[PDB]
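One chain is shown next in structure tokens, namely the form deposited in one PDB entry.
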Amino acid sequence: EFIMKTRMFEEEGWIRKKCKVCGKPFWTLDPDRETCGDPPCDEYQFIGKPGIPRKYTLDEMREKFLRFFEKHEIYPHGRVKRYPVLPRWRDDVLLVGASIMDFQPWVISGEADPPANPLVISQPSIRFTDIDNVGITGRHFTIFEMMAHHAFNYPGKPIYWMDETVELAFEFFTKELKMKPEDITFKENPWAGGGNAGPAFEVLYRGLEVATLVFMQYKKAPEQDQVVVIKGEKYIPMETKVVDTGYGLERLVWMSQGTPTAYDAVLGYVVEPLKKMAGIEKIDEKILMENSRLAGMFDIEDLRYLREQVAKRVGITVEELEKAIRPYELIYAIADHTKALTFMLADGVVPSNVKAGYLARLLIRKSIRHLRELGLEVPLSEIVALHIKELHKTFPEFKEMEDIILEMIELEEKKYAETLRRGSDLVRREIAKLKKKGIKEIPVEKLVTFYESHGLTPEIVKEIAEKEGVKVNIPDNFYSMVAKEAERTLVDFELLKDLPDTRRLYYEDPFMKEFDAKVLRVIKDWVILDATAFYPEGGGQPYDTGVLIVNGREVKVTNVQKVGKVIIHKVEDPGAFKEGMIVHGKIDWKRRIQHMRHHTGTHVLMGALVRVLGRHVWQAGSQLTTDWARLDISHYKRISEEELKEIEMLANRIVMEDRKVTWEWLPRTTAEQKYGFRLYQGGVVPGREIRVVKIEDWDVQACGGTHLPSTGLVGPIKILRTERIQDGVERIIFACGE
């Protein structure tokens, strides 16, 4: 659908062709090349014959790339510090998949200023869409570093675009890594991801896709026909034009090494130790190389038949070959998965049964199972330390979160031991139920139930079911299909867009309890005003209540809500109010002064929690009433009664200390800079500016509720009780005041 001519192509005499195999547009400097350069159209042609002159380490290669764009003569890029793989700034993706995801949607919407323009970043990325490929294809990981130079072109203000991009890329490959310029190809394919799309180039070299360049000018939907489908979704054009690049670091370092897998090249410090521990034998070469070569020719969306095609090829039976490579697949996955695990846990992912947590856990189960398949009994946490020992030099937080990380593994590995036992029994029982029910195989669906609810991988369900004559049928793409199952998924509308924003008098003065305002509109029994001291529901804090005095009558405000920027007021007498009218409002103050205490107190508590429990602690939920308040956090073990006391004790020391509680609007990016992602506790607030409440040297938080000037005014905090809401979420209940 899109064009794809660049200056460079036109000037240096590239030819655009349609691949003989797949018919896709691609750009080659070589008039012979008939295929796109991408498997299965091409093979791996760099194993033992590296495609980059010298040998690079992960650390050299990263620093190379980073330096190149940072110091570039023509376009200098701003260097940006990598983001947590746990997307604290948004609510739509579970983990960080591409580097661009760091910048959706706020930066790409010009709602938030980019940290640089252009910018260069090395971004840890996690993709479970390829989890079944790890250890098989030799090129996929769960966790890899996407290196990227990004450029945000807001209207009437270019940085750079398509032409300059294919160049800075092509420069780096040839003038930095010294790649053979007529082995580079540029395949055309659009790229969609995390809310945006655009046409893109797949940079292909010697049989391995090493980079991807996206020219992003699209945003999703919403539910109205200047639309374009990019990958079976709907987009409309967008104001910004963004340069989305993605450079496979691992893939490049593999290239400068020619080892049999990218894993041997990047994850040596884990793979080779593990080979000794398994006592596995250094595989036959005429077997190893004639499998290493053909490995890139098969993905899964039927691995069986590749196995027969390398069997026939090399000269042996499938089992004979299975025997040979199988241990290597397992070692690679373990090495990989456990690195994914190190990055997630350090970024405060707490294993559980939902969202990111679910994933960490999945990863842990698959790992343990592989260790058991290799007949190894080294604890998982020991593998993980190898990753910490190695990476804590470049990633300082791995050493800082090291105890929480290791400990978290321990407990999950303990818990698995038992979950297996009772699960094995529970499944066998309800399989024996099915043999007689007349079922000889076990559907995929049921196999996914057995993981979802019992915690059993199907390498376990297949044996248990065969020691009773039902069949071992594991889909190749199982684990990725399981990873999909990690997420799920009103009062007044319409007549509101035309009305102005409601002035929020509670933000100017939280102690304001009386005010006057003009009745802007009276839909149903909801009254709209221009300005209001009534705090609408949201934040964990419930609505304010009180009276609106109108023509000398008191009318009760029973509910205050907020649609968009317009706050609605449920009254008892919709008749008594007319558009135009001037009303005197009075807040039910007691109810409010109580709420503020439970609010401020929640932040004081939040501070204490982090200080005892540690850094992984993040709001999972909040509810307060005038009486008690509750704060669900994300934690792994139970909060002991000795801790519960230390938390409460520290909290009360701060209420005693009477520290300043101060709030101020800040542009999103300055805010995230000054204070880090901690600000995004409960929720992720929209808009160009955010309200930052801070308690002096204690807590800081993008929060929109009404607070108190000073902690003294909270009064003592009695922690009533802690309790476990679900895996990874514990709950602290308490009540403040006199």
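Note that residue numbering begins at 1 and tracks the sequence as displayed. In this text, rigid core is short for the largest set of C-alphas that superpose within 1.5 Å between two forms.
- Going from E223 to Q224, you skip over 1 to 3 residues of the deposited sequence that the entry leaves unmodelled.
- For the pair 490-498 and 630-638, the record assigns the higher mean C-alpha temperature factor to 490-498.
- Per the PDB record, of the two stretches 114-122 and 576-584, 576-584 carries the greater mean B-factor over its C-alpha atoms.
- Out of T185, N133, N551, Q623, the entry records its largest CA B-factor for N551.
- Highest C-alpha temperature factor among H140, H149, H595, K399, as the PDB entry reports it: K399.
- Compared with the other modelled residues of the chain, the Cα B-factor recorded for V472 ranks in the highest third.
- Split the chain's modelled residues into thirds by C-alpha temperature factor. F170 is in the middle one.
- The entry lists a Cα temperature factor for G607 that places it in the lowest third of the chain's modelled residues.
- Sort the chain's modelled residues by C-alpha temperature factor and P443 lands in the highest third, per the entry.
- When the modelled residues of the chain are ordered by their C-alpha B factor, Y416 lands in the highest third.
This next part talks about the form deposited in another entry, which is not shown.
- Note: rigid core superposed between this form and the one not shown; among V655, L613, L94, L288, the CA shift is 2 Å or more only at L288.
- Superposition of the core reveals a Cα shift of 2 Å or more for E308 between this form and the one not shown.
- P39 is among the residues whose C-alpha shifts by 2 Å or more between this form and the one not shown once the rigid core is aligned.
- Taking the rigid core as fixed, one finds a CA shift for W698 smaller than 2 Å between this form and the one not shown.
- Put simply, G194 and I121 spread apart in the other entry: their C-alpha atoms are 3 Å or more farther than in the form shown.
- Look at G538 and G194: in the other entry their Cα atoms move 3 Å or more farther apart than in this form.
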